[PDB]
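Enquirer: sequence-free structure coming up:
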């Protein structure tokens, strides 16, 4: 397909804490943050794109812990006072360790967030 003309910013297997369980599982998806937009595919092959989301109408902030957090997870809300996901207003992306989160964040800024 295409070899050059590429410049990925960040990609990896993340887990959508707040996802539609009842309707199929595989909470884990292949997120690929690119200078253009951030899309998540079933795998790191980018064959059947599930849904593409821009990085101009999005925003990152502290996740609602209420009492106490259980892991490094960041929520993403749309600055256009709209639902980021099908129905969810903010997708809770949980990472393995802080190192990952710190990176993902710094990467977003580069895109324009």
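Expert: Nice, thanks for sending it over. Numbers count the residues shown, from 1 in each chain.
Enquirer: Provide the partner residues of residue 76 in its beta bridges.
Expert: residue 60, residue 91 (DSSP bridges).
Enquirer: That one is in contact with residue 57, isn't it?
Expert: No: with contacts counted by Cβ atoms under 8 Å, residue 76 stays clear of residue 57, the gap being 10.6 Å. (C-beta placed from N, C-alpha, C; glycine too.)
Enquirer: Between those two, tell me which one has more neighbours.
Expert: Taking other Cβ atoms under 10 Å, residue 76 and residue 57 do not tie; residue 76 has more neighbours (22 against 14).
Enquirer: dump the residue contacts of the more buried one.
Expert: When contacts are counted by Cβ atoms under 8 Å, 6 or more residues apart in numbering, residue 76 touches 58-60, 84, 90-91, 93.
Enquirer: separation between it and residue 16?
Expert: From residue 76 across to residue 16, the span is 10 Å (Cβ to Cβ, to the nearest Å).
Enquirer: Pull up the overlap in contacts between these two.
Expert: Here residue 76 and residue 16 share the contacting residues 91, 93, scored by Cβ under 8 Å, 6+ apart.
Enquirer: show me what contacts residue 31?
Expert: Residue 31 touches 10-14, 38-40, 93, counting by Cβ under 8 Å, 6+ apart.
Enquirer: now the residues you listed as CSV including secondary structure and neighbour count?
Expert: Output for the contacts of residue 31, formatted as CSV (DSSP: H, G, I helix; E, B strand; the rest coil; neighbours: other Cβ atoms under 10 Å):
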residue, secondary structure, neighbour count
10, strand, 18
11, strand, 19
12, strand, 15
13, strand, 12
14, strand, 20
38, strand, 22
39, strand, 19
40, strand, 22
93, strand, 23
